[PDB]
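Reading through the structure tokens given below for one structure.
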Amino acid sequence: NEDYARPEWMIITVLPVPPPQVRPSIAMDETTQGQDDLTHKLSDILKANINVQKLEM
Amino acid sequence: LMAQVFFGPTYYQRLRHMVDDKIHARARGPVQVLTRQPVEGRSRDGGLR
RNA sequence: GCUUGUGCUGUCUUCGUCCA
């Protein structure tokens with residue numbers, strides 16, 4: 001569909017980052033809280049993006 | 001009684017399942033952080049599915 | 001006049017209960 005599903009949109013060029021409501025953090029004990037799995041995966045993705053940008057230039 | 005009754009001693013044993021350890025009710029209470037639905041468990045004042 | 005105290009993880013695993 002030209003308006004809604006264009007074929008080139010199947011390739012990701014910009015990634016949407018969900019709000020913390022989607023990936024809430026949990027307090028494992030009284031002091032240390034735990035980052036969610038999605039948060040760690042997004043951190044890894046962003047590190048890889050930074051690495052690619054640094055290497056390219 | 002018009003009917004005679006079978007009558008005698010028998011060995012009975014009390015099992016761990018008592019009603020006061022199973023009765024549970026909930027009007028409102030804690031909810032999960034991710035889904036904002038009632039938590040699971042009688043010990044946690046949870047809801048029924 | 002000294003004025004009262006509100007908040008709970010999460011993920012696995014196991015063992016059970018009632019039907020089947």
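By order in the structure tokens, chains are A, B, ...; within a chain, residues start at 1; ligands start at 1, following the order shown.
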
Hey, list the chain C side of the contact with chain A: 9 Å cut-off, only C-alpha atoms (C1' of nucleotides), answer as a list in words.
residues 8, 9 and 10 of chain C

Written selection (N, CA, C and O atoms (P, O5', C5', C4', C3', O3' and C1' of nucleotides)) as a PDB file, in the first residue's frame:
ATOM      1  P     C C   8       3.567  -0.272  46.777  1.00  0.00           P
ATOM      2  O5'   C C   8       4.643  -1.397  47.113  1.00  0.00           O
ATOM      3  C5'   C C   8       4.251  -2.774  47.257  1.00  0.00           C
ATOM      4  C4'   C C   8       5.223  -3.666  46.526  1.00  0.00           C
ATOM      5  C3'   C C   8       5.108  -5.149  46.840  1.00  0.00           C
ATOM      6  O3'   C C   8       5.602  -5.924  45.753  1.00  0.00           O
ATOM      7  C1'   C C   8       7.135  -4.319  47.719  1.00  0.00           C
ATOM      8  P     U C   9       5.183  -7.473  45.605  1.00  0.00           P
ATOM      9  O5'   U C   9       6.319  -8.065  44.660  1.00  0.00           O
ATOM     10  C5'   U C   9       7.704  -7.820  44.946  1.00  0.00           C
ATOM     11  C4'   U C   9       8.308  -6.959  43.867  1.00  0.00           C
ATOM     12  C3'   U C   9       8.503  -7.654  42.527  1.00  0.00           C
ATOM     13  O3'   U C   9       7.451  -7.289  41.645  1.00  0.00           O
ATOM     14  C1'   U C   9      10.579  -6.812  43.308  1.00  0.00           C
ATOM     15  P     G C  10       6.560  -8.419  40.966  1.00  0.00           P
ATOM     16  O5'   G C  10       7.602  -9.177  40.033  1.00  0.00           O
ATOM     17  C5'   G C  10       8.094  -8.541  38.846  1.00  0.00           C
ATOM     18  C4'   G C  10       9.439  -9.107  38.473  1.00  0.00           C
ATOM     19  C3'   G C  10       9.458 -10.585  38.139  1.00  0.00           C
ATOM     20  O3'   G C  10       9.036 -10.807  36.803  1.00  0.00           O
ATOM     21  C1'   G C  10      11.305 -10.047  39.514  1.00  0.00           C
TER      22        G C  10
END

Can you list, as a ChimeraX atom specification, every residue of chain A that DSSP puts in strand (DSSP E)?
/A:26-27,33-34

Applying 10 Å and only C-alpha atoms (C1' of nucleotides), which residues near segment 45-54 of chain A remain after dropping the ones on its own chain fewer than 5 positions away? List them as a PyMOL selection string.
chain A and resi 15+39-40

For a quick test of understanding: name the residues of chain B lying within 12 Å of chain A when counting only C-alpha atoms, and present them as a PyMOL selection string.
chain B and resi 32-36

Preceding selection exported with C-alpha atoms as a PDB file, in the first residue's frame:
ATOM      1  CA  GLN B  32       1.754  -5.379  38.696  1.00  0.00           C
ATOM      2  CA  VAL B  33       4.013  -2.572  37.526  1.00  0.00           C
ATOM      3  CA  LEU B  34       4.230  -3.711  33.899  1.00  0.00           C
ATOM      4  CA  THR B  35       0.573  -4.507  33.193  1.00  0.00           C
ATOM      5  CA  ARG B  36      -1.285  -2.766  36.057  1.00  0.00           C
TER       6      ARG B  36
END

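Residues of chain B having any atom within 10 Å of chain C, counting only C-alpha atoms (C1' of nucleotides), are residues 17, 30, 33 and 44 of chain B.
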
Could you dump the residues just selected with N, CA and C atoms as a PDB file, in the first residue's frame?
ATOM      1  N   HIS B  17      -4.539 -29.838  54.203  1.00  0.00           N
ATOM      2  CA  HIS B  17      -5.348 -28.848  53.503  1.00  0.00           C
ATOM      3  C   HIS B  17      -6.505 -28.414  54.387  1.00  0.00           C
ATOM      4  N   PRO B  30      -2.804  -4.364  45.480  1.00  0.00           N
ATOM      5  CA  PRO B  30      -1.613  -4.157  44.656  1.00  0.00           C
ATOM      6  C   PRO B  30      -1.803  -4.683  43.244  1.00  0.00           C
ATOM      7  N   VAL B  33       3.506  -3.832  38.057  1.00  0.00           N
ATOM      8  CA  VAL B  33       4.013  -2.572  37.526  1.00  0.00           C
ATOM      9  C   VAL B  33       3.938  -2.555  36.004  1.00  0.00           C
ATOM     10  N   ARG B  44      -0.054 -12.553  48.558  1.00  0.00           N
ATOM     11  CA  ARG B  44       0.221 -11.190  48.130  1.00  0.00           C
ATOM     12  C   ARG B  44      -1.047 -10.379  47.917  1.00  0.00           C
TER      13      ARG B  44
END

One decimal, Å: what's the distance from atom CA of residue 10 of chain B over to atom CA of residue 22 of chain B, could you say?
27.8 Å

So how many Å separate atom CA of residue 47 of chain B and atom CA of residue 25 of chain B, to one decimal?
8.1 Å

Can you tell me how far atom CA of residue 39 of chain B sits from atom CA of residue 21 of chain B, in Å to one decimal?
18.5 Å

Close residues, segment 26-29 of chain B itself excluded, 8 Å, only C-alpha atoms (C1' of nucleotides), min 5 positions apart in chain, as a ChimeraX atom specification:
/B:38,45-47
